[PDB]
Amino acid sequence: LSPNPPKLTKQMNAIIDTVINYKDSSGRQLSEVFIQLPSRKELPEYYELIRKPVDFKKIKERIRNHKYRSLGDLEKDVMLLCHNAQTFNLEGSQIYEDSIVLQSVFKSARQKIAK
């Protein structure tokens, strides 16, 4: 469980980059509303219903500071992001929809760079 190689760090990023920077057919960068969560004092409901919240920043941070040991351990936090999103949003609502798409992007992006 000793120094996170640079090679592994080099992946996590580009993966989470591939994701963040993804722009759809119309060209809308889907990540926009996932980067920063909204405030407890803005959307208290979210933090009532979502027991273990998360956004992208807080995933990037955890990359930056070598918390994540394997690519597995990242997927989980990206997956929990979308789970959360889906859980809070109305099926067929643009928020709800993006999370899915992104979910896939990662899995292909991770595939395309990982084992």
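Residue positions are given as counts along the sequence shown, with the first one as 1.
The mean Cα B-factor in the deposited entry runs higher for 42 to 50 than for the other of 42 to 50 and 86 to 94.
When 96 to 104 is weighed against 6 to 14, 6 to 14 comes out higher, by mean CA B-factor as recorded in the entry. Compared with the other modelled residues of the chain, the Cα B-factor recorded for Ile35 ranks in the highest third. Compared with the other modelled residues of the chain, the Cα B-factor recorded for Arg64 ranks in the middle third.
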